[PDB]
Every structure is written in structure tokens, then in C-alpha cells.
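For reference, the structure is listed below as C-alpha cells.
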Amino acid sequence: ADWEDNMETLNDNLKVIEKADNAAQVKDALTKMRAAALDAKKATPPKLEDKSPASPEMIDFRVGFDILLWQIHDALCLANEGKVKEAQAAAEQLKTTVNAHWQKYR
Amino acid sequence: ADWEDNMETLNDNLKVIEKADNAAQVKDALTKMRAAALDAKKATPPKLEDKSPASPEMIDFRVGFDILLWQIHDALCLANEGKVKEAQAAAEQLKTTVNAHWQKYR
Amino acid sequence: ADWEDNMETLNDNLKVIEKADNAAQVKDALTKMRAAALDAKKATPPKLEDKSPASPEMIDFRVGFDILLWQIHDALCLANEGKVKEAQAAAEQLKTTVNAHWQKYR
Ligand SMILES: [Ca+2]
Ligand SMILES: [Ca+2]
Ligand SMILES: [Ca+2]
Ligand SMILES: [Cl-]
Ligand SMILES: [Cl-]
Ligand SMILES: [Cl-]
Ligand SMILES: [Cl-]
Ligand SMILES: [Cl-]
Ligand SMILES: [Cl-]
Ligand SMILES: [Co+2]
Ligand SMILES: [Co+2]
Ligand code: NA
């Protein structure tokens, strides 16, 4: 998928997590976010379409999605332990990272 | 160890998992798989030897190994929770991903 | 931060972990290590300033931080489960890897 569509997926699953009722729902949403973030790693965002795929700017873009993947895992590890409210709180940090990525690269 | 030797290591530990009984065996084979996948991520596979190191194809190859690493992680998580049968089923699907990447880039 | 400052951050937190009393301290130090490893993926060791950003040597450099990040993941999952002595044992393995990567690229 396109970068913008992956970003839509990330925001939508953040909403799902915010209203989630159990650990399975959180796990499922975070899995979909992980797939969207790994897919966005292969994309080029609008701001960087005038940069080469291995420019320092594009390497930093990909590393920013690595950062997001490890934050997704923090929430996911909490959810795997059945600690649903803790995982939702952790998803708050994901909102910050996603919004900052949106604003930096759109 | 080059890329093809790492793919062989991955397949060997997949067999080890499929015949394992206790969770420490599965976990040990999965940890060896993680190391092999990380070593393969920094290789150039035979199909892409004529491509620029800065090519989109090489970036896609490396992100594909990140995808494999998170699938390995999911299996490893199931094995850490003592869910031997579930981890072995997860590794059965890993056979597909690993051998798909193998045939794709050999 | 540049590469050597990030490696210093890794080493500082490995010492904090060695001399830690509870799991919260281990978790805090490990989260800092993760942030430094990720940030170092965007850095360039002085002796590689001339190579391409996607040169095989720079790929090697970045994937070496992925290797560290998965070791940190193991230690941090152990610390989140209260397995403090086990987390510290894993961090002692981390020390070896950090020093090897330092020797490789400095
Ligand atoms: Ca759209
Ligand atoms: Ca372009
Ligand atoms: Ca290295
Ligand atoms: Cl939409
Ligand atoms: Cl990268
Ligand atoms: Cl990459
Ligand atoms: Cl140089
Ligand atoms: Cl790259
Ligand atoms: Cl890379
Ligand atoms: Co890269
Ligand atoms: Co995990
Ligand atoms: Na030089």
C-alpha cells in the first residue's frame, strides 16, 4: 500500500485500541498496525519524493518506522500478558509517534 | 555464512521445531532462526547481485527480512508462554515465508 | 546523537543494569538502550563517512544495531516479567556484542 493509506491504517487501529474491550481486540489492532508500519517502510512519503531511496533522509524515514515498530511491540507485550489497560496507555505513545510522522513526512 | 547458507540454517531449524516436544527446544531453534535471518538481512542475494546497493529492490529485500523477524518473534512468544503446539503451527507457516523468500531471491 | 555518543549511552545503561536493585531500574535502562540503538542506525561511524549510505558496509553497520535491538528485546521482556537476574544475565551478553560492534567500526 501507499504511505498515506498505511498512515490511515495506523490511525484507524489507534482508535480501535482506544475503545478496545479485551486483549484479543488490542492484539489484533496492533498486529494490523505492525503490518502497516512494515509496509510503509517500503514506501516513499510525499515530502521525500525528491530524494533517492538510499538518501540519508530516506534512511531516517525507515528508521522512524523501526522506532514505531518497537513501540507497537511494547503495547503488544503488555497485551500478551493480558494487561489491557496498560497496553491502551502504551498506545497513547503510538498516537504521538504516528502524528509526528504524519506531520513530518506528508 | 552467505545468504544461501542462512536460508539453509532457517530451513534446518524449521525441521527441528516441527519435530520438537518441549518449549525450550522450540525456543532454541527459533533463536537460531532469528540469528540466521539477521545475518541474511545484510547479504546481497544472488538474484540482486547485478543491482545497485542503493536500489529499491535491496531495500524491499531487507524489509522482507524484518517481516520474517516479526513472524519469528510471534512464534517465539507462543513458545515462551509454553504453547508448544501453537508455536509449532506458527513455524509451519514460517516454512512458507522462509522458502518463499528463498525461491524469490535465489 | 552521533555514533560514539550513542555507544556511550548503551554502555552507561549496561552499567546501570549491572548495579540495579529492582526491575523498574532495569526496564528504564533497557528502554534507553533501545532508543540509543535505534538512533545510532541513523549515524555514521567516522571511518565510513566516505562510503555510500547503502554501501554493504553501512548495511552491515545498521543491521548490527538490529542484532542489538533483538537482544535488548529479550532482556526487556525478561525484566517486564520480573526476571531481573535473567535480564541482567542477558545484558552481560549484550555488553559483549556492544564491544564487538565498537571494535568493528571505530
Ligand atoms: Ca487513501
Ligand atoms: Ca521519487
Ligand atoms: Ca555490527
Ligand atoms: Cl480511510
Ligand atoms: Cl534503513
Ligand atoms: Cl532497508
Ligand atoms: Cl573514511
Ligand atoms: Cl538502507
Ligand atoms: Cl539497512
Ligand atoms: Co536500510
Ligand atoms: Co516480544
Ligand atoms: Na577514507
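Residue numbers (PDB author numbering), protein chains in the order written: chain A, 1 to 106; chain C, 1 to 106; chain B, 1 to 106. Built from N, CA and C at the ideal position, the CB exists for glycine as well.
* Positions along the segment 39 to 72 of chain B whose CB lies within less than 7 Å of some CB in chain C -> So the close ones are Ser52, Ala54, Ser55, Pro56, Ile59, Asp60, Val63, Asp66, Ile67, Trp70.
* Asked: So what's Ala23 (chain C) in DSSP terms, helix, strand or just coil?
  -> What you label residue 23 (chain C) is simply residue 23 of the second sequence in a count that begins at 1. DSSP places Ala23 (chain C) in helix when its eight states are reduced to three.
* Asked: What's the C-alpha gap between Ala40 (chain B) and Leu30 (chain B)?
  -> Residue mapping note: residue 40 (chain B) aligns to position 40 of the third sequence, counting from 1. Residue mapping note: residue 30 (chain B) aligns to position 30 of the third sequence, counting from 1. Those two C-alpha atoms are separated by around 15 Å.
* Taking a cut-off of 7 Å, which residues have a beta-carbon closer than that to any heavy atom of ligand 5, in chain order? -> Those residues are A:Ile59, A:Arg62, A:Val63, B:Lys41, B:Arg62, given in chain order.
* **CB-CB length for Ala91 (chain C) against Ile17 (chain C), believed under 8 Å** => Position 91 of the second sequence, counted from the start, is the residue given in the question as residue 91 (chain C). Position 17 of the second sequence, counted from the start, is the residue given in the question as residue 17 (chain C). Indeed they touch by this definition, with Cβ atoms about 4 Å apart.
* To do: Sort A:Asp50, A:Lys85, A:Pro53, A:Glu8 by Cα distance to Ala23 (chain A) and report the nearest one.
  => Here residue 23 (chain A) refers to the residue found at position 23 of the first sequence. Here the closest residue by C-alpha is A:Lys85.
* Asked: Apart from the five residues just before and just after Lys95 (chain B), which ones in its own chain have a Cβ nearer than 7 Å to its Cβ?
  -> Counting from one through the third sequence, the residue named residue 95 (chain B) turns up at place 95. In the same chain as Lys95 (chain B), and ignoring 5 residues on each side of it, the C-beta atoms closer than 7 Å to its own belong to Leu14, in chain order.
* Asked: In terms of residue numbering, what span does the alpha helix (DSSP H) encompassing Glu49 (chain B) cover?
  -> Position 49 of the third sequence holds residue 49 (chain B). Looking at the DSSP string, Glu49 (chain B) is not in any alpha helix (DSSP H), and its letter there is neither H nor E.
* Using beta-carbon positions only, say whether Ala37 (chain A) and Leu76 (chain A) come within less than 8 Å of one another. => The residue you call residue 37 (chain A) lines up with position 37 of the first sequence. The residue you call residue 76 (chain A) lines up with position 76 of the first sequence. Between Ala37 (chain A) and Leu76 (chain A), the gap from beta carbon to beta carbon reaches 8 Å or more.
* Three-state class that DSSP yields for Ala35 (chain C) in the structure shown -> Numbered from its first residue, the second sequence carries residue 35 (chain C) at position 35. The three-state secondary structure of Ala35 (chain C), taken from DSSP, is helix.
* Asked: Does the distance from the CB of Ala87 (chain A) to the CB of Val26 (chain A) come in under 8 Å?
  -> On the first sequence, position 87 is the one that residue 87 (chain A) refers to. On the first sequence, position 26 is the one that residue 26 (chain A) refers to. A Cβ-Cβ contact shorter than 8 Å links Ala87 (chain A) with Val26 (chain A).
* Distance cut-off 7 Å: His101 (chain A) Cβ against heavy atoms of ligand 11 -> The residue you call residue 101 (chain A) lines up with position 101 of the first sequence. Within 7 Å of the C-beta of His101 (chain A) there is not a single heavy atom belonging to ligand 11.
* Asked: Using a threshold of 7 Å, is the CB atom of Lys95 (chain B) nearer than that to any non-hydrogen atom of ligand 3?
  -> For the purposes of this step, residue 95 (chain B) is taken as the residue at position 95 of the third sequence. No, the beta carbon of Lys95 (chain B) sits no closer than 7 Å to any heavy atom of ligand 3.
* Asked: Thinking C-alpha only, which one of A:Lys42, A:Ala43, A:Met58, A:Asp28 is nearest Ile72 (chain A)?
  -> Here residue 72 (chain A) is taken as the residue at index 72 of the first sequence, counted from 1. The shortest C-alpha to C-alpha distance from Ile72 (chain A) to any of A:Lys42, A:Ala43, A:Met58, A:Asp28 is the one to A:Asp28.
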